[PDB]
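First comes the structure, then the notes that go with it.
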Amino acid sequence: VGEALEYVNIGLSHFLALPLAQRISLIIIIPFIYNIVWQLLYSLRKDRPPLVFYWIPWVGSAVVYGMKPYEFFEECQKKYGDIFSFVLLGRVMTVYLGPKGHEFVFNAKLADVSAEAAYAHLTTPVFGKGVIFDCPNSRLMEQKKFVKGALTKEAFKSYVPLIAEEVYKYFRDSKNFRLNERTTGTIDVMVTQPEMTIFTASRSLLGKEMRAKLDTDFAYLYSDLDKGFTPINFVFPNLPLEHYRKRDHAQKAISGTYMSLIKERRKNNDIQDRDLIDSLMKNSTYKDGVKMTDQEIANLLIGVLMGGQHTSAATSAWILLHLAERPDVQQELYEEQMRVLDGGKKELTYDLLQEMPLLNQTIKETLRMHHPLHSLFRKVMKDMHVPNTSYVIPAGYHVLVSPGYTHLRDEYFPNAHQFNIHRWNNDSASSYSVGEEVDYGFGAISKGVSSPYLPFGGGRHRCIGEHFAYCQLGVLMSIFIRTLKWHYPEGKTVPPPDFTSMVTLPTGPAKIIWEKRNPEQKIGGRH
Ligand SMILES: CC[C@@H](C)n1ncn(-c2ccc(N3CCN(c4ccc(OC[C@H]5CO[C@](Cn6cncn6)(c6ccc(Cl)cc6Cl)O5)cc4)CC3)cc2)c1=O
Ligand code: HEM
């Protein structure tokens, strides 16, 4: 033994004096071997869900998960069942598939999991400090209440003509259309829909001043701010690169613009009930009496606009793309437009939108097939026992829930990969509570989150934008349908989703050909 302890020390010294051909070599093989040995040992544990095997330490299953998450989930599900873990760029993600996974993650106790700890590192640099995920959950809850206060039926009634005006202006003025000059053309929907989305959301939520800014070089700041909203920021949120500083600059410049308007509205006592800015100026005091600062108000405006931007733009792109190979659905939607709007003699209102079930069912079905967020995350803050299992998810893990995956399962939606708006006949609401409700601070929502359809998530982190999204999408698609027919270039069809971007937008270029339904129809107004 004595001799052995000596030769241990000796072996150590001979180890340190290896040629750096082998030292560099051992710098690679040692962690590689430890990783594989650690996994085999991990597999022996019965209080842990199975862990997907991976070859490269730290990286884990990043590539296959990033490129095709639903295919990844399906294969893991076949081998391991509904609960399994995988390593992702240094983190361990525990996936719980299906309605029980929805319950496990969306209805997890506040003490058990943290959304802000999963999300803040990306969003905070983009939006700014003090809001959304850069604050305690209790603060988020009331910010959602504040924002929801501008998103009432009365507001939607006033937004609908504004959104309509923006859509028509876009048809009139955008080079992508120019309907007074051209009767047919080709567009990339991932060019048109982001523009139509920011134009309509700006006009209605932010108001005319902020909409007008988008016709200036100021619009480039939004483009710059947009480039900070990228999944890689979950890993590298701050690097001394240029686009990171353009991001920081844009946030300052845009929030500064919002603050300028806010302070100006207050100076002139010009605070009314037009938009989300008026609403937050009038209603942004927390229940402990602390008021949101003008900066936090501006930051919250940025987050709300950015949130609504990507989910909605991707969704209307998908709607156009699915309908492009379905002239039968376009035809059916057009008949409904003619029926509800008296052949076009009626002006579209929010109330008439609610009487367009097939149009709303079209949005609903598109959100089924294209959940914009394929994976929602929480960081596990306290050890969690998985009910009816021996599994414990330890603090420091992340949990991953994927309702968009269940959207595409035949067991819950027959012929799930078929686009069929009629699967929602007599069920055209954006969603609803099938039972008991609870209020986390921003209104009563469904207590259960077991619905296999969950485009807007559930529990305390549930979306509050769904009715604004349907309003915006509804107005936009109503006008599209009444104005245009469209189809694919020969041999083109619905593109696959890009699962590596922030939302599951279509892989580009995603082009459709439009044609005026009334070649001679003119859009009035000056330009
Ligand atoms: C590196 C190699 C490469 C192959 N790779 N390897 C892995 N990946 C990858 C993995 C995962 C993902 N992502 C996609 C994005 N995703 C995600 C994005 C946003 C998100 O948002 C949830 C929260 C925060 O943002 C919002 C989004 N939102 C909700 N409604 C509207 N937007 C949010 C909520 C509230 C407010 Cl005010 C703003 C915002 Cl933005 O909710 C959650 C997940 C995580 C997985 C992407 C790429 C790769 O690309
Ligand atoms: C089709 C459109 C949209 C879809 C499918 C969608 C989806 C979602 C989902 C799944 C969540 C929960 C995320 C999680 O649990 O981690 C969420 C949260 C949220 N979304 Fe949306 N969203 C949409 C549009 C919007 C719009 C238009 C707005 C604002 C007007 C908005 C603002 C918010 C807010 C404030 C939250 C709460 C975040 C939290 O509490 O952590 N969303 N959304």
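The analysis underlying the following values was restricted to heavy atoms, covering all of them including side chains, and did not include hydrogens, waters or symmetry mates. In this chain, residues are counted from 1 in sequence order.
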> Are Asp217 and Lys213 close enough for a salt bridge, meaning some N to O gap below 4.0 Å?
Replying inline: no

> Residues in salt bridge (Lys or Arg N to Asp or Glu O under 4.0 Å) with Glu436, at least two apart?
Replying inline: none

> Between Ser402 and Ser375, is any side-chain donor less than 3.5 angstrom from a side-chain acceptor?
Replying inline: no

>> Donor-acceptor pair, distance only, cut-off 3.5 Å: does the side chain of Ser428 make one with the backbone of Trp424?
In response: no

> Would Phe84 and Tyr96 satisfy ring-ring contact (aromatic ring centres under 6.0 Å, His included), going step by step from the backbone distance to the final call?
Replying inline: CA-CA 7 Å; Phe84 53 84; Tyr96 198 159; 9.6 Å; no

> Do any pairs count as a ring-ring contact (aromatic ring centres under 6.0 Å, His included) and have a residue in residues 125-149, sequence neighbours left out, and if so which ones?
Replying inline: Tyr119-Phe133, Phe146-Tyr286

>> Any carboxylate oxygen within less than 4.0 angstrom of a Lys/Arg side-chain nitrogen, looking at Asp275 and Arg265?
In response: yes

> Sequence neighbours excluded, which residues qualify as ring-ring contact (aromatic ring centres under 6.0 Å, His included) partners of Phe442?
Replying inline: none

>> With a 4.0 Å cut-off on N to O distance, would you call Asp112 and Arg378 a salt bridge?
In response: no

> Would you say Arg274 and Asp270 make side-chain contact, with heavy atoms under 4.5 Å?
Replying inline: yes

>> For residues 160-171, which residue pairs pass the side-chain hydrogen bond (donor to acceptor under 3.5 Å, both in side chains) check, not counting sequence neighbours?
In response: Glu166-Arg211, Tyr170-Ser174, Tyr170-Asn176, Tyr170-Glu195

> Should we count NZ of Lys246 as having more than 12 external heavy atoms under 6.0 Å?
Replying inline: no

> Under a 4.5 Å cut-off applied to non-hydrogen side-chain atoms, are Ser312 and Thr197 in contact?
Replying inline: yes

> Mind checking whether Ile271 and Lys282 have side chains closer than 4.5 Å, heavy atoms only?
Replying inline: yes

>> Applying ring-ring contact (aromatic ring centres under 6.0 Å, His included), can you list everything that pairs with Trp58, at least two apart in sequence or on another chain?
In response: none

> So, do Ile187 and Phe177 sit near enough that their side-chain heavy atoms are less than 4.5 Å apart?
Replying inline: yes

> Got a second to check how far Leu221's CG is from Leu225's CG, nearest 0.5 Å?
Replying inline: 8.5 Å

>> Less than 6.0 angstrom separating the ring centers of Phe86 and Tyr65, yes or no?
In response: yes

>> For residues 246-266, which residue pairs pass the ring-ring contact (aromatic ring centres under 6.0 Å, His included) check, not counting sequence neighbours?
In response: none

>> Going by ring-ring contact (aromatic ring centres under 6.0 Å, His included), name the residues that satisfy it together with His407, two or more places apart in sequence or in a different chain.
In response: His371, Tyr453

>> To the nearest 0.5 Å, what is the distance between CD on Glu264 and CD on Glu209?
In response: 9.5 Å

> Ion pair present between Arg245 and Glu242, side-chain N to carboxylate O less than 4.0 angstrom?
Replying inline: yes

> Does the ring centre of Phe236 sit less than 6.0 Å away from the ring centre of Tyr244?
Replying inline: no

>> Just verifying a value: how many Å separate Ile445 CD1 and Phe456 CZ, rounded to the nearest 0.5 Å?
In response: 13.0 Å

>> Pairing donors with acceptors under 3.5 angstrom, does anything connect the side chains of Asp427 and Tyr432?
In response: yes

>> Does the plane of the ring in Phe480 sit parallel, tilted or perpendicular to the ring in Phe171? Use 30° and 60° as the thresholds.
In response: perpendicular

>> Please give me the minimum heavy-atom distance between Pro125 and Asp248, naming the atom from each residue.
In response: O-OD1, 4.4 Å

>> Can you confirm whether the side chains of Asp351 and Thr349 place a donor and an acceptor under 3.5 Å from each other?
In response: no

> Are any side-chain N or O atoms of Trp318 and backbone N or O atoms of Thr504, one a donor and one an acceptor, separated by less than 3.5 Å?
Replying inline: yes

> What pairs with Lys145 under side-chain hydrogen bond (donor to acceptor under 3.5 Å, both in side chains), at least two apart in sequence or on another chain?
Replying inline: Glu142

> So, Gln77 and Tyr405: side-chain donor and acceptor under 3.5 Å apart, yes or no?
Replying inline: yes

> Which residues satisfy the salt bridge (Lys or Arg N to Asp or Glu O under 4.0 Å) test with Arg409, sequence neighbours excluded?
Replying inline: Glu74, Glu411

> Does the side chain of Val399 reach to within under 4.5 Å of the side chain of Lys379, using non-hydrogen atoms?
Replying inline: no

> Are the side chains of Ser279 and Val147 in touch, meaning some heavy atoms are under 4.5 Å apart?
Replying inline: no

> Please walk me through it: do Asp82 and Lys100 pass salt bridge (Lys or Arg N to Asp or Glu O under 4.0 Å)?
Replying inline: CA-CA 9 Å; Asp82 290 344; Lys100 283 298 190 45; over 6 Å; no

>> Can you pull out every salt bridge (charged side-chain N to carboxylate O under 4.0 Å, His left out) where at least one residue sits in residues 289-312? Sequence neighbours excluded, please.
In response: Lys263-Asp294, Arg266-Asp294

> Can you list every pair that meets salt bridge (charged side-chain N to carboxylate O under 4.0 Å, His left out) and has a residue in residues 466-480, with sequence neighbours left out?
Replying inline: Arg462-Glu466

>> Any carboxylate oxygen within less than 4.0 angstrom of a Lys/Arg side-chain nitrogen, looking at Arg247 and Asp226?
In response: no

> Could you give all pairs that pass the ring-ring contact (aromatic ring centres under 6.0 Å, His included) test and reach residues 210-232, with sequence neighbours left out?
Replying inline: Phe218-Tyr222, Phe229-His310

> Do the side-chain N and O atoms of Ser255 and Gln295 include a donor-acceptor pair separated by under 3.5 angstrom?
Replying inline: yes

